[PDB]
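Undergrad: Give me a 3D structure for the following:
(one chain, ligands or ions: 1)
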Amino acid sequence: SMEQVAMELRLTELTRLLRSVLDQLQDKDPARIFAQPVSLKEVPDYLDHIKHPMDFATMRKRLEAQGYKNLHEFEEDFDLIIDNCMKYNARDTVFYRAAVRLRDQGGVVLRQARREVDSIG
Ligand SMILES: CC(=O)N1CCN(c2ccccn2)CC1
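TA: Numbers count the residues shown, from 1 in each chain. I have put the structure below:
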């Protein structure tokens with residue numbers, strides 16, 4: 001139907017917007033601390049601590065599969081990256097501090113993304 005095509009066009013455009021958001025968020029992680037899943041070879045107990053691991057590569061996979069139906073689902077995954085890190089790593093670590101900086105700087109990008117999604121529809 002035409003309605004399905006229109007829906008698919010909107011999702012493709014949402015995906016385009018979120019791709020831009022993801023690139024911007026990732027730029028705020030210059031150390032690439034969050035670029036890839038935490039290695040279970042290097043951190044074998046990681047899943048005892050963190051029940052829902054997340055990272056930017058995994059988000060990008062879902063993104064290109066058009067697996068984010070709305071901005072909320074995308075934000076949930078971004079929050080997992082930060083919140084997982086701030087639990088697994090102690091406050092006085094480069095990892096915890098990277099997550100805080102990513103959270104703070106990312107908030108700006110996400111704030112404008114929410115306005116754009118609402119506005120464009
Ligand atoms: C981002 C994050 O939470 N990580 C968990 C702690 N960590 C490592 C790396 C090697 C060995 C032990 N831990 C870095 C990744």
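
Undergrad: Contacts for stretch 37-50, please.
TA: 53, 55, 57-58, 84, 87-88 (Cβ atoms under 8 Å, 6 or more residues apart in numbering). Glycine gets a C-beta too; all of them are placed from N, C-alpha and C.

Undergrad: and which of these is nearest to the ligand?
TA: Here the nearest of the contacts of stretch 37-50 to the ligand, counting by Cβ to the nearest ligand atom, is residue 88; it sits at 4.6 Å.

Undergrad: Most proximal residue of the chain with respect to the ligand?
TA: For the chain, Cβ to the nearest ligand atom, closest residue to the ligand: residue 42, 4.1 Å.

Undergrad: That residue: what secondary structure?
TA: Here residue 42 is coil, with the state taken from DSSP: H, G, I helix; E, B strand; the rest coil.

Undergrad: Please export the C-alpha coordinates of stretch 6-16 as PDB.
TA: What follows is stretch 6-16, C-alpha atoms only, in PDB (Å, rounded to 0.1, in the frame of the first residue of the first chain):
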ATOM      1  CA  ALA A   6       5.100   6.400   3.500                       C
ATOM      2  CA  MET A   7       5.800   4.600   6.800                       C
ATOM      3  CA  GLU A   8       9.000   3.100   5.400                       C
ATOM      4  CA  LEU A   9      10.100   6.500   4.100                       C
ATOM      5  CA  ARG A  10       9.600   8.000   7.500                       C
ATOM      6  CA  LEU A  11      11.600   5.200   9.100                       C
ATOM      7  CA  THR A  12      14.300   5.600   6.600                       C
ATOM      8  CA  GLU A  13      14.400   9.300   7.400                       C
ATOM      9  CA  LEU A  14      14.400   8.600  11.200                       C
ATOM     10  CA  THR A  15      17.300   6.300  10.500                       C
ATOM     11  CA  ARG A  16      19.100   9.000   8.700                       C
END
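
Undergrad: Show me what counts as buried in that stretch.
TA: 14-15 (16 or more other Cβ atoms under 10 Å).

Undergrad: Could you do stretch 66-86 as well?
TA: Neighbour count says stretch 66-86 has 68, 71, 74-75, 77-78, 80-82, 84-86 buried, by 16+ other Cβ under 10 Å.

Undergrad: circling back to that earlier point, which of the contacts of stretch 37-50 fall in helices?
TA: If you go by DSSP state H, these have 57-58, 84, 87-88 in helices.
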